[PDB]
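Beneath this line is the structure, given in structure tokens, with notes to follow.
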Amino acid sequence: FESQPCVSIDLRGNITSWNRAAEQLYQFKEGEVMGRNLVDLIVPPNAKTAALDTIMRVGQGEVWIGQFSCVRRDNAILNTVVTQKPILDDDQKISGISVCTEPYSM
Amino acid sequence: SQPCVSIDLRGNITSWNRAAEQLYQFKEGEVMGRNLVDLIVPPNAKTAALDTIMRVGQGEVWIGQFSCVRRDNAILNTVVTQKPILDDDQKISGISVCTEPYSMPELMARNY
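Just so you know, the sequences run in chain order A and B.
Heads up: the first sequence at position 79 corresponds to 786 in the working numbering, and the numbers run straight through without jumps.
Heads up: the second sequence at position 74 corresponds to 1136 in the working numbering, and the numbers run straight through without jumps.
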């Protein structure tokens, strides 16, 4: 079951999971993008530093909700709202970041 | 029900609700205009708090751990949601700092 587009990245920003709703939103299949860097894949070049700064704070233990402009496979610009969360593993340590897209645009 | 404090962009208190009076043990009248970080953040943690507490931009919300100290000097390990307050021209004019009743791990995502 999937409520929304969701992507998981490790602490460097490389993709570790990419759900079916993400396949539809961004127009890549999971196999095409596994291991690729999310910010390089979909964030427009002038916005990468800002996106990376957010991800760095999230990986250190904060939750973020905000405007997230990204580039679909077909080169449409998406003005999304995303919820970014640290992901905890079984050992209760931060292992990555969740990037989930909300149903309203900014 | 939710403790909420508003600050201006100097870090000084502009709003303090009844729930904040109960959480932190101060009344609105005595804290209005006071610097929030000097009021409730332990000395060792202030630069850290300042480093982030003023950094919220337009169209984002930050949720994170926030160590504070009550009037009685009990240490509180809290979580706060920080959002910008916009003026009539949609410029940031302040920051809203509202307490969540959870520790951070209860808000995080999980791998199984």
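All C-beta atoms in this analysis are idealised placements derived from N, C-alpha and C, irrespective of residue type, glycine included.
### Message
Can you tell me which residues form a DSSP beta bridge with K792 of chain A?
### Response
A:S805
### Message
Is the beta carbon of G773 of chain A closer than 8 angstroms to that of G1126 of chain B?
### Response
no
### Message
Strictly below 8 angstroms CB to CB, what residues from chain B border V770 of chain A?
### Response
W1124, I1125, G1126, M1166, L1169 and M1170
### Task
Check the DSSP bridge columns for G773 of chain A and list the partner residues they point to.
Answer is A:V789 and B:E1122, bridged to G773 of chain A.
### Three-state secondary structure (DSSP) of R780 of chain A
coil
### Task
Ignore the nearest five residues each way along the sequence and tell me which others in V1123 of chain B's own chain have a CB closer than 8 angstroms to its CB.
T1143, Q1144 and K1145
### Query
In angstroms, rounded to a whole number, what distance separates the CA positions of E809 of chain A and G738 of chain A?
23 angstroms
### Task
Find out if the Cβ-Cβ distance for the pair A1081 of chain B, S1063 of chain B is shorter than 8 angstroms.
yes
### Message
Can you tell me where the alpha helix (DSSP H) holding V740 of chain A begins and where it ends?
### Response
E737 to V740
### Task
Give the straight-line distance between the Cα atoms of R1133 of chain B and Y1086 of chain B, rounded to the nearest whole angstrom.
6 angstroms
### Query
Shorter than 8 angstroms from the beta carbon of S802 of chain A to some beta carbon of chain B?
yes
### Task
For my contact list, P1065 of chain B and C1160 of chain B are in at a C-beta cut-off of 8 angstroms; report their separation, rounded to the angstrom.
7 angstroms
### Message
Our contact map puts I804 of chain A next to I749 of chain A with C-beta atoms below 8 angstroms; I'd like the distance itself, whole angstroms only.
### Response
In fact, because the Cβ distance is near 14 angstroms, the residues do not count as touching under 8 angstroms.
### Message
Does the beta-carbon of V746 of chain A, which I'm using as the reference point, lie nearer than 7 angstroms to any heavy atom of the ligand HEM?
### Response
Questions concerning the ligand HEM fall outside what the structure shown contains, since it holds no ligand whatsoever.
### Message
Do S812 of chain A and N1173 of chain B count as a contact pair if the criterion is CB distance below 8 angstroms?
### Response
no
#### Entry: Buried versus exposed call for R764 of chain A [16 or more other C-beta atoms within 10 Å across all chains shown]
buried
### Query
Among B:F1128, B:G1119 and B:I1147, which has the Cα closest to the Cα of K1108 of chain B?
B:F1128 is the residue among B:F1128, B:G1119 and B:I1147 whose C-alpha sits nearest the C-alpha of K1108 of chain B.
### Task
Give a yes or no on whether 8 angstroms exceeds the smallest Cβ distance from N1079 of chain B to chain A.
no
### Spatial distance of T787 of chain A from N1135 of chain B (CA atoms)
43 angstroms
### Task
Could you please tell me which residues of the region 742-760 of chain A, in chain order, have their CB closer than 7 angstroms to any CB of chain B?
none
### Message
Bridge partners for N721 of chain A per DSSP, in chain order?
### Response
A:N744
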